[PDB]
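[1] the amino acid sequence is not available; the structure is as follows:
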RNA sequence: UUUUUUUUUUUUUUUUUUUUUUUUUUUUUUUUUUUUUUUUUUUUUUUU
């Protein structure tokens, strides 16, 4: 009877989700040059990393080069850097041309072995490096000068350094695409952790100016974020020992997950998991039916789910908290009142519902020790008064 | 209805844990030299141990050599030292070259395996040893100098000594990777135990100077800790004999378990097992869900669990002190009030909720143990003495 | 709900107990020489016992020799002494080479089995014996010197004496590895019993000096204690008749069981079994959950259980009383108050919490000795008078 | 015939304690002793 209606709401939500989109929708693939370390021989590997860091640091380099550079910077981990990119990278927007870096023995620029027209390319590289130095007023990518110069000849030093720079990229990702302004506080907080825990060697700190410029580039460019999120999903999967490098990535993942899906999680954390007396109110019923549909939907979206927001995934829109407004307004009202540090994150959206905002606030604090009825039941007063 | 939400929180927590991880995640492996006991003949075993002690003492050895040295030092236990390392040690960041020492013919150091195209191998060693002596102002590994010169000749003395030094490595692990500063009081307290119980042989006691240098080495090297945790898991398993060597390790283990997962166990010990009427609080329902999801998660992570922190294991993040809600403040508020040993611990965490941390204190201290209250279990005959207990409180 | 948490605590406690340990963990073996009785005729048996008493008494003997001597000393029981050692001895740190010495006509030492590659074996023995005499200032194994001299010629005298010496080894075990100082009072208390009961033959009484030297050897050698505990377990098994020999072992056992697991037993006896009205007190509920996990764990450890501490068996650490602090501090507070003989144990340990201990004391004492909650009903109508008397 | 709104914004490495310490045997009492059986009473009587 009424069961039909509820099932119909769910039917609408899932209708036309299935099947496969017609191939004509596939957009014109954009060609990018991606340098990959040609072997794990430290002289080439260090120089190639420095080249790539400088490409990203340059005021003069074009976006097509800069994406390719960012991909080099966050593939330094691999035993076979080019294989790692090619094998994980699964994105219709971008078509990579992979250059196995090799002997970086053409001075400051990366090696290029095609011949006479590549002599222009090496001089493009030279211009890029010069302009990088000059435009930054002598500050290189790293904060402490000696480190920028320091030639590495052994695997041990190499991995110490590479892991350190990579971790400094992955520091960013967590906030680059949820709000890359306001970003510094959080990214410093995460940096402090990795250094204090001795996972990252602080001599290799990369300069705030460069990191901000790169964070913005990551926010604005999809192709880079696609590769990052591909790797972030792949190494999050369990059932294997890792190298210190992939381990640091995976560890950072536990900050990166759910990020920029705030609303979805806010209704889950506050209101739903809270299981407040408010939930009995008639107004909520429609919203509860909605959330049921949402939870089953979330399941169906599957492996990309922890990073829906970072991937700009459209299905993300369905999960967005604005979708269930009564419960969300109550979920803000509880959260802001009850959980001391939260609620400083700005939930002042236009669709916030005054009744629920006041009722949510009133719910926790107005009742004391669970209000009308404690969840899982003499001495439920004085102590309760002091607590809230 | 509501059951779906709880199951969904659990779903999120386990999502993507499944399958087998894509091969491209393989990290660049670091090539590292492990000298390993070639035969169990006392003069070579003592000399190799002195080499290794000095590698760790040296200002002049590189960290790549020092990790490999630490692996030699804490493999001295074995009947076949090199086999023990090679067969248990299974962590991808490090790729071992194993060199079986032929009782170290040359002098202080290891002998050149095939004869030295460059005999400077032993000189790199000589420099390492000299720099070690010189930088340490002559101070030898042991607290009593006679030990430093011993030149041991018999199995019995050798095992007495090796067991003693190994135990002195394993004393460190317990704190090296949870708080390598503030360590001294605890690590001395554990040393005193093993000596007083006559398990560990005090003639061979190792100097605070040596122990600090090695504690630092442990903190700063992952590769070493990986081998240590591999062995620590392996010997924790039952179903055999234990020899004095493995027994000392296993004994150390009972201090080492759970360590630096403070927050996780604290919610279990304080708040949960405490069974305070306080669970009934509104905020509590969610927090209970988190623990259930967490507890079932912990189970599923399995073998690594007792040492998550030390192994840098990511899932550890979920177990993290910060995330647990009401307990992260309420479980501490109770714990600090009720358990005299607790609270000496540093509880500076940003996740603590002040109001809820005092409610936990109040819940216990309400009657000085909730006297004339609580006592949920009613298996007890009599109702009278609740009041008496409250008066005692 | 809450049930999950309790089950999880239990899961942690049993996690990783399972499986069979990888072979690399096998510890570097010590080679020890054990002289055993090659024959059943006293002439040899008395002389070999004197040799062995002196090996243990020696200031100049190596620890490797001393362990092997102790194994000779506490295998004199057997009809086939070598078989008894070889067949029960099952500990990985130590590998025995056993040569059953017949002649023993050398003097103080044995007679070298196949003849010695060096006659210096016999001279090593001579050094051992000389150093033993000299270092002891001539005070011999026995308390009355005639016994030390007495050459033994008959089975009857032999068994009387061997039983006597063996019992003097087994009196030590009970305290050597729990409290090897403070020892004398207890070991003498047990000696008095065996002699007064005429089970062990006082003609063979062994000197305080000898007994302290052997007690110290037991404390400082693990390999010895392993063999002792192995024998102590093996002969404790029922379904056999026992002769004077096995009977003295089994008798010693009644002091030896539970020993050095003090804390575990005390919480069971005092506080827990006592079922004081305070069990329900919320403060202890997890403690109680803890102890339950402990008890079920203890069961699971099985065969070694009555001697875990003496075996240095790891799992023992978990069982150690510091582990359940609230319950323990209260189990002591009660125990000290209620049981007149207890409390003579030094419990000045870090786990004891004054407030909870004072609760144990007052709750028991002001309770009028656990009158706080009595469990007994159906005996009949309650005596108010009796309650007041208590 | 139909008419509204709908991206995001917080926090998240950690820090305690944890070897043990008692007392353990035995002691009292142990057979029996009393009593016996039987004995009394026991047809009927009015009226129709």
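    Looks like it arrived, so ask away. Numbers count the residues shown, from 1 in each chain, chains lettered A, B, ... in the order given.

[2] for the rest of this, base every contact and every neighbour count on C-alpha atoms.
    Will do.

[3] what number of residues lie near residue A:172?
    Applying other CA atoms under 10 Å in any protein chain shown, we find 26 residues neighbouring residue A:172.

[4] may I ask which helix or strand encompasses residue A:90?
    Using DSSP states H and E, residue A:90 sits in no helix or strand.

[5] so who does it touch?
    If you count contacts by CA atoms under 8 Å, 6 or more residues apart in numbering or on different chains, residue A:90 has them with A:227, A:230.

[6] okay, now residue A:221: neighbour count?
    Residue A:221 has 15 neighbours, counted by other CA under 10 Å.

[7] list phi and psi for it.
    The phi and psi torsions at residue A:221 (degrees, to the nearest 10) take the values phi -110, psi 120.

[8] who in the stretch 251-388 of chain A is up against RNA strand D?
    Contacts of the stretch 251-388 of chain A with RNA strand D, taken as CA under 7 Å from any atom of the strand, map to A:254-256, A:259-263, A:266, A:317, A:320-323, A:341-349, A:351.

[9] of these, buried ones?
    Buried by 16 or more other CA atoms under 10 Å in any protein chain shown: A:254, A:256, A:259-263, A:266, A:320-323, A:343, A:347, out of those.

[10] now the closest residue to chain C within the stretch 201-350 of chain A: closest residue in space that isn't a chain neighbour?
    The minimum distance from the stretch 201-350 of chain A to chain C, using CA to the nearest CA, falls at residue A:273 (15.0 Å). Spatial nearest neighbour of residue A:273, excluding adjacent residues (CA to CA, 6 or more residues apart in numbering or on different chains): residue B:286 at 4.5 Å.

[11] so residue A:200 makes contact with residue A:162?
    No: Residue A:200 is beyond contact range of residue A:162, at 9.5 Å (criterion: CA atoms under 8 Å).

[12] next one: stretch A:91-99 to chain centre, how far?
    21 Å (CA atoms, centre = their mean, to the nearest Å).

[13] how about stretch A:140-160?
    Using CA atoms, centre = their mean, the offset of stretch A:140-160 from its chain centre is 26 Å.

[14] what does it contact?
    A:41-43, A:46, A:53-54, A:57, A:132-133, A:139, A:200-201, A:203-207, A:210, A:245, B:28-31, B:64.

[15] list the buried residues of it.
    For stretch A:140-160, burial by neighbour count (16+ other CA under 10 Å) applies to A:140-144, A:148, A:152, A:155-156, A:158-160.

[16] which parts of the helix or strand hosting residue A:333 are buried?
    Using DSSP H and E, residue A:333 falls within helix A:325-338. Along helix A:325-338, these residues count as buried under the neighbour rule (16+ other CA under 10 Å): A:325-338.

[17] how about these, which pair is most distant?
    The distance between the two most remote of the buried residues of helix A:325-338 (CA to CA) is 19.6 Å, for A:325 and A:338.

[18] what's the helix or strand hosting residue A:87 packed up against?
    Using DSSP H and E, the element containing residue A:87 is helix A:81-88. Contacts defined by 3 or more CA pairs under 8 Å, 6 or more residues apart in numbering or on different chains; DSSP states H and E place helix A:81-88 against strand A:30-36, strand A:94-100, helix A:222-234.

[19] burial of whichever residue of chain A sits closest to chain C, as a residue count?
    Residue of chain A nearest chain C, by CA to the nearest CA: residue A:376 (10.3 Å). Residue A:376: 11 surrounding residues under other CA under 10 Å.

[20] what about it, which SS state?
    coil (DSSP: H, G, I helix; E, B strand; the rest coil).

[21] can you check the one 4 residues further on too?
    In three-state terms, and counting by three-state DSSP, residue A:380 is coil.

[22] now the strands for the stretch 251-388 of chain A?
    Here the stretch 251-388 of chain A has no strands by DSSP state E, counting those that start in this stretch.

[23] that older thread, quick one: buried residues of the helix holding residue A:87?
    By 16+ other CA under 10 Å, the buried positions in helix A:81-88 come out as A:81-85, A:88.

[24] what does stretch A:281-289 give?
    By 16+ other CA under 10 Å, the buried positions in stretch A:281-289 come out as A:284, A:287-289.

[25] end to end on it, go ahead and measure it.
    Chord length of stretch A:281-289, first to last residue, is 14 Å (CA to CA, to the nearest Å).

[26] tell me which element the residue of the stretch 1-150 of chain A found nearest RNA strand D is part of?
    Taking CA to the nearest atom of the strand, RNA strand D has its nearest neighbour within the stretch 1-150 of chain A at residue A:13, 13.2 Å off. Element membership for residue A:13 (DSSP H and E) is helix A:2-14.

[27] please state the offset of that helix from the chain centre?
    Distance, centroid of helix A:2-14 to centroid of chain: 34 Å (CA atoms, centre = their mean).

[28] give the other helices and strands that it contacts.
    For helix A:2-14, the helices and strands in contact under the criterion 3+ CA pairs under 8 Å, 6+ apart are helix A:285-301.

[29] for the helix it packs on, name the packing helices and strands.
    Packing partners of helix A:285-301 (3+ CA pairs under 8 Å, 6+ apart): helix A:2-14, helix A:316-319, helix A:325-338, helix B:2-14.

[30] in that helix, what's buried?
    For helix A:285-301, burial by neighbour count (16+ other CA under 10 Å) applies to A:287-295, A:297-298.

[31] returning to what we had before: could the helices and strands packed on helix A:81-88 be laid out in JSON lines, adding distance to RNA strand D and mean neighbour count?
    Formatted as JSON lines, these follow (distance: least, CA to the nearest atom of the strand, whole Å; neighbours: other CA atoms under 10 Å in any protein chain shown):
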{"stretch": "strand A:30-36", "distance to RNA strand D": "24", "mean neighbour count": "20"}
{"stretch": "strand A:94-100", "distance to RNA strand D": "23", "mean neighbour count": "16"}
{"stretch": "helix A:222-234", "distance to RNA strand D": "14", "mean neighbour count": "21"}
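
[32] hmm, residue A:290 and residue A:324 touching each other?
    Yes: the criterion here is CA under 8 Å, and residue A:324 meets it with residue A:290 at 6.8 Å.

[33] before we move on, the earlier item: what's near enough to touch the residue of the stretch 201-350 of chain A closest to chain C?
    Taking CA under 8 Å, 6+ apart as the criterion, residue A:273 is in contact with B:5-6, B:285-286, B:289.

[34] what is the burial count for the residue of the stretch 1-150 of chain A closest to RNA strand D?
    Neighbourhood size, residue A:13 [other CA under 10 Å]: 15.

[35] distance of it from chain B?
    17 Å (CA to the nearest CA, to the nearest Å).

[36] for residue A:214, same thing?
    Distance from residue A:214 to chain B, counting by CA to the nearest CA: 24 Å.

[37] in terms of contact, does that residue touch residue A:56 like I think?
    Yes: using CA under 8 Å, residue A:214 and residue A:56 qualify as a contacting pair, with a distance of 7.0 Å.

[38] would you mind measuring from residue A:243 to RNA strand D?
    Noted for residue A:243: a distance of 19 Å to RNA strand D, by CA to the nearest atom of the strand, to the nearest Å.

[39] quick check: phi and psi on that residue?
    phi -80, psi 150.

[40] residues contacting it?
    Applying CA under 8 Å, 6+ apart to residue A:243 gives the contacts B:26-29, B:91-94.

[41] let's see 10 Å
    Going by CA atoms under 10 Å, 6 or more residues apart in numbering or on different chains, residue A:243 touches A:77-78, A:163, B:25-30, B:91-94, B:223.
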